[PDB]
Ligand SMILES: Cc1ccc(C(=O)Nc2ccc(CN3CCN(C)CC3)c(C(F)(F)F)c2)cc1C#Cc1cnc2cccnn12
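Presented below, as structure tokens, is a lone chain in the form deposited without this ligand.
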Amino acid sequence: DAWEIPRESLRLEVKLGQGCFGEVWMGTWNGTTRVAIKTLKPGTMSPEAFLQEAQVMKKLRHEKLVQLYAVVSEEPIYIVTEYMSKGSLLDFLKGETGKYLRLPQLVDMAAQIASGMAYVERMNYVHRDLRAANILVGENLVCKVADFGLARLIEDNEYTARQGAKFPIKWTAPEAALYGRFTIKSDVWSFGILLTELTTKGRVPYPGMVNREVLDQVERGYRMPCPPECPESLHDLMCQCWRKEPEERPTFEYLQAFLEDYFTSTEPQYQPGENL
């Protein structure tokens, strides 16, 4: 493992988050580099399962994808990545800064995410966990795709899908959640949901609905309505991402181009409102 580094080269400084599977720390590597350190609590999951996201990052590298720096393979397992100061997009959206974000900033962030996903698309991979909680934010509003624990090649003749899978229906394309059909198009569906998170300041999609109600409604044709102050053109994009037929959904290449040129090509008459 050419990515392996000695434990003593790391210094855990500030604890950013903690749960039942481990913790996330801000620290320093080699006494010169600020880094993010994800830890595994022994016994909560296999070290092999914990290190999966590290394996994916060794193959997937891009400006808009969080970069892997190093790994400490002996328990307690450590995953070292580039430090993203503002934390998760979800937390950022919900926090005190979120209130000042308007459509220009939110679309810019969506365009960066689309670029990272356009790379994932070109690499023939599928993320499977695309949502605001799994996007990291740095300075200058830089956004990068993170948490690659579920990412994998679409076609892998040596991969046997696990049955009885429990994927979050609110963010997962119905064909993927129901039939295990994960494609880049199912990631596009998730991107549409992410667009609602961006435009609602991080609210949970399908408010007031539980998982089973979401599945039934989505299969019946129900789609989330246009959020207040969100231009119809952006909601139209969300709906394209939510087409029942996976192949009728847009590419990330198209999404990136559309979002990058949004304020000149699609909504040139945009004017700031109260929230967007």
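The first residue of the shown sequence is 1; numbering continues from there. Here the rigid core means the biggest group of C-alpha atoms that line up within 1.5 Å when the two forms are laid on top of each other.
Although not depicted, the form deposited with this ligand bound is the subject of the following passage.
Participant: At 2.4 angstroms from backbone or C-beta atoms, do at least 3 atoms of this ligand clash after superposing the site C-alphas onto the pose in the entry with it bound, making the site blocked, or is it open?
Facilitator: Site status blocked, 3 or more atoms under the 2.4 Å cut.
Participant: I need to confirm a contact call. Of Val214, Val66, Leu237, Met224, which residue comes within 4.5 Å of this ligand in the entry with it bound, counting heavy atoms only?
Facilitator: By the 4.5 Å heavy-atom cutoff, the listed residue in contact is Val66.
Participant: Answer with one of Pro205, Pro174, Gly98, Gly87: the residue that has a non-hydrogen atom within 4.5 Å of this ligand in the entry with it bound.
Facilitator: Here the answer is residue option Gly87.
Participant: Within 4.5 Å, heavy atoms only, one stretch in 229-237, 242-250, 57-65, 216-224 touches this ligand in the entry with it bound. Which?
Facilitator: This holds for exactly one stretch, 57-65.
Participant: Closest heavy atom of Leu106 to this ligand in the entry with it bound, within 4.5 Å or not?
Facilitator: Residue-level check for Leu106: no, no contact with this ligand.
Participant: With a cut-off of 4.5 Å between heavy atoms, is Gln112 one of the residues that contacts this ligand in the entry with it bound?
Facilitator: No, no contact at 4.5 Å.
Participant: So in the entry with it bound, is this ligand close enough to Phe167 to count as touching (4.5 Å, heavy atoms)?
Facilitator: Although this ligand is absent here, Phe167 would stay clear of it in the entry with it bound, with no heavy atoms inside 4.5 Å.
Participant: Closest heavy atom of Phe191 to this ligand in the entry with it bound, within 4.5 Å or not?
Facilitator: Residue-level check for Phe191: no, no contact with this ligand.
Participant: Look at the candidate spot formed by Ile79, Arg128 and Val145 and say whether this ligand comes within 4.5 Å of a heavy atom in all three of them in the entry with it bound.
Facilitator: Checked in the entry with it bound: all three residues contact this ligand.
Participant: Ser265: after superposing the rigid core, is there a C-alpha shift of 2 Å or more between the shown form and the other one?
Facilitator: No, because once the rigid core is superposed, the C-alpha of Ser265 moves less than 2 Å between the shown form and the other one.
Participant: Core-aligned, does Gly208 move its Cα 2 Å or more between the shown form and the other one?
Facilitator: No, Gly208 moves less than 2 Å.
Participant: Has the Cα of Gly221 moved 2 Å or more between the shown form and the other one, judged after a core fit?
Facilitator: False for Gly221: its C-alpha shift is below 2 Å.
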